[PDB]
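Have a look at the structure below before the remarks.
2 protein chains.
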Amino acid sequence: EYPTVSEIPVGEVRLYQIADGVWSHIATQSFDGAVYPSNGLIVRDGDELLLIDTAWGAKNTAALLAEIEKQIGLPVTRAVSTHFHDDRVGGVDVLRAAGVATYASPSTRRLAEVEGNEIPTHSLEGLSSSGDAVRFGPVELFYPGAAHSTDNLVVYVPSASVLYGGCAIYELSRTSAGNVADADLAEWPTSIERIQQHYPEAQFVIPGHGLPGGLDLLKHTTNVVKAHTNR
Amino acid sequence: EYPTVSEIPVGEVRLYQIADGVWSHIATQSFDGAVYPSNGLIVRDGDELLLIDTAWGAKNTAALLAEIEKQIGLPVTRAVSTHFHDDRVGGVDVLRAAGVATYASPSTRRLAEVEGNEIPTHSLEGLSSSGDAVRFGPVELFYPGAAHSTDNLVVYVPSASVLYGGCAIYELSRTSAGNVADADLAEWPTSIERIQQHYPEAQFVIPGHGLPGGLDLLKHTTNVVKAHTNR
Ligand SMILES: [C]=C([C][C]1O[B+]([O])([O])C2=[C]C(Cl)=[C][C]=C12)C([O])=O
Ligand SMILES: [C]=C([C][C]1O[B+]([O])([O])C2=[C]C(Cl)=[C][C]=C12)C([O])=O
Ligand SMILES: [Zn+2]
Ligand SMILES: [Zn+2]
Ligand SMILES: [Zn+2]
Ligand SMILES: [Zn+2]
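Going down the list, the protein sequences come from chains B and A. First residue of the first sequence: 32, per the authors' numbering; consecutive thereafter. First residue of the second sequence: 32, per the authors' numbering; consecutive thereafter.
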């Protein structure tokens, strides 16, 4: 059922309904001569929508907004970027130009600025220490500690028991680390433990890239990260 | 009009005519949650065809045989695999069942056996020392030294000035290294130099994955491999 990377031509965006008022968005991008999929989230908040993460670049994010208008027809009023890399903030300027209020932690905003990446406008408070959680509209934002990056956040949708791990969680078909230049390999498994402890009831776990599954995606990612550490 | 990874569904194979009696074949496959294109070669040999490399797996290789019959209509009678990895030998059993004489160096055959990969039946002698070259019908086979793998061969078609580099040569769009667990990073640039020195006349250079170019692909690959060495 879930759209796979093979089925999505680069430039177009698919929406996958997970529960009442909860969708993922799936886009693709060419990167180093291979095509990667990328996930984000859409969560209904009253008669508006909350967006988690861009669709990886300005072109895709413009298509995301148009696909939301076509299929859902409620306004995206706020968006959160879960860390500073280009697949999560690339497209923030498109969102801002369309009237979406964009948000990230102060750590993400600073790292995006240093990297020369697009910078969400608003700063999320209350997420500065490992284990911090804050409610943001219909989701909980959680900072589990440093992992894929030092600033990475995860997002939980309580009404649907949906956990979106971002790039800190790998899909099962991924057996080797992705980019780790900005990672804290030493803390990544502990941070994953924090997620497990905080969201043990999660039923649907979405990685940054690829197919969702259950909570075993967390242990899978730990296994891959530890294998890379010992490599 | 060279087909790119975005234009080929997994399971389908495209042929690209380079010259009289010379084609590349292009397929795609998912690996670690990304989709990659992959190239091989077809060279006319009288009223028969010589195949260089499978189409990365049994399903793609059967499609490759169907596409050759449809677009060319000459029988593939021999095939050469340019190293032991699955994108070069995956499908050899399909070839053999169809009556193709499959060949690889003894080095490639030993490594495929160790790895659990399909093993081409016949052995190419005369390719065990760096710099060795042997004529094989309408191509020359060349062992440049260890690079992407210890057994990697390159293939030159003198009638068309086509050099097929396999996985030892990267396309321009690839600015970071692929799999290097089996590589000899220390020797890889020296091996590429041997290719340059032996085939300075090459006009059309084909990497193992992605778009062909000129001999600048050799300098490009050296740049990438040295950058990887230093990180
Ligand atoms: C799958 C990936 C790659 C993906 O995830 B990421 O590291 O946040 C990023 C950044 C950019 Cl610029 C492009 C692609 C990506 C990974 O690093 O785990
Ligand atoms: C582009 C690649 C990947 C490709 O190249 B390869 O390393 O020969 C291989 C093996 C398997 Cl099993 C799957 C995919 C590939 C690289 O390593 O340079
Ligand atoms: Zn990232
Ligand atoms: Zn990512
Ligand atoms: Zn290989
Ligand atoms: Zn390859």
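Cβ coordinates follow ideal geometry from the N, Cα and C atoms, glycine included.
Query: Would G244/A and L203/A qualify as a contact pair, given that the criterion is a beta-carbon distance under 8 Å?; Result: yes
Query: Looking at the secondary structure, which residues open and close the beta strand (DSSP E) in which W219/B lies?; Result: First-last for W219/B: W219 to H229, but that is the alpha helix (DSSP H), not the beta strand (DSSP E).
Query: Just by C-beta distance, which residues in the segment 128 to 146 of chain A are closer than 8 Å to chain B?; Result: none
Query: Quick one: using the 10 Å Cβ neighbour count with 16 as the cut-off for buried, is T260/B buried or exposed?; Result: exposed
Query: Below 8 Å on the Cβ atoms is my guess for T133/A versus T152/A; work out the distance and round it to an integer in Å.; Result: 5 Å
Query: Can you tell me whether DSSP reads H56/B as helix, strand or coil?; Result: strand
Query: Going by DSSP, what residue range makes up the beta strand (DSSP E) through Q48/A?; Result: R45 to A50
Query: Please identify, using Cβ separations under 9 Å, the residues of the segment 46 to 80 of chain A that lie next to chain B, in order along the chain.; Result: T59, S61, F62, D63, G64, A65, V66, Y67 and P68
Query: Cβ atoms of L80/A and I57/A: under 8 Å apart, would you say?; Result: no
Query: Which residues in chain A sit within 7 Å of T206/B, going by Cβ to Cβ distance?; Result: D63
Query: According to DSSP, simplified to helix, strand and coil, what is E98/A?; Result: helix
Query: For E156/B, tell me which candidate among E149/B, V165/B and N148/B has the shortest Cα-Cα distance.; Result: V165/B
Query: Taking 7 Å as the cut-off, is the CB of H56/A close to at least one heavy atom of ligand 2?; Result: no
Query: How about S180/A: is its Cβ closer than 7 Å to a heavy atom in ligand 5?; Result: yes
Query: Identify whether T133/A lies in helix, strand or coil by the three-state DSSP scheme.; Result: strand
Query: Kindly indicate which residue of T85/B, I99/B, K101/B and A97/B has the alpha-carbon position closest to the one of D124/B.; Result: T85/B
Query: When the Cα of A191/B is compared with those of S61/B, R75/B and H114/B, which residue comes out closest?; Result: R75/B
Query: Would you kindly report the start and end of the unbroken beta strand (DSSP E) that includes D124/B?; Result: Element bounds for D124/B: not the beta strand (DSSP E) but the alpha helix (DSSP H), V123 to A128.
Query: With a cut-off of 8 Å, does the C-beta of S37/B fall near any C-beta of chain A?; Result: yes
Query: Flag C198/A as yes when its Cβ comes closer than 7 Å to any non-hydrogen atom of ligand 5, and as no otherwise.; Result: yes
Query: Do you know offhand how far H229/A's Cα is from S180/A's?; Result: 19 Å
Query: Let me check one thing: in DSSP terms, what residues is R166/A bridge-paired to?; Result: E171/A
Query: So, with DSSP's three-state summary, where would you put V256/A?; Result: helix
Query: Determine the contact status of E149/B and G121/B, defining contact as a CB-CB distance below 8 Å.; Result: yes
Query: Which chain A residues sit within Cβ distance under 9 Å of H114/B?; Result: The premise fails here: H114/B is roughly 18 Å from chain A at the closest Cβ pair, so nothing lies under 9 Å.
Query: Measuring only from the beta carbon, is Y67/B closer than 7 Å to any heavy atom that is part of ligand 1?; Result: yes
Query: Buried or exposed for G130/A, please, with buried defined as at least 16 other CB atoms from any protein chain shown within 10 angstroms of its CB.; Result: exposed
Query: Roughly how many angstroms separate the alpha carbons of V256/B and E232/A, rounded to a whole number?; Result: 45 Å
Query: Pairing CB atoms from the segment 91 to 105 of chain B with CB atoms from the segment 202 to 219 of chain B, are three or more of them under 8 Å?; Result: no
Query: On the three-state DSSP scale, how would you describe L203/A?; Result: coil
Query: Please return the same chain residues whose Cβ sits closer than 6 Å to the Cβ of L194/B, not counting the five positions on each side in sequence.; Result: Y187, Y230, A233 and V236
Query: Hey, is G196/A's beta-carbon within less than 8 Å of any beta-carbon in chain B?; Result: no
Query: According to DSSP, simplified to helix, strand and coil, what is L248/A?; Result: helix
Query: Which chain B residues sit within Cβ distance under 9 Å of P243/A?; Result: Here the premise fails: no neighbours, minimum Cβ distance about 13 Å.
Query: Go ahead and label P175/B buried or exposed: buried means 16 or more other beta carbons lie within 10 angstroms of its beta carbon, across all protein chains shown.; Result: buried
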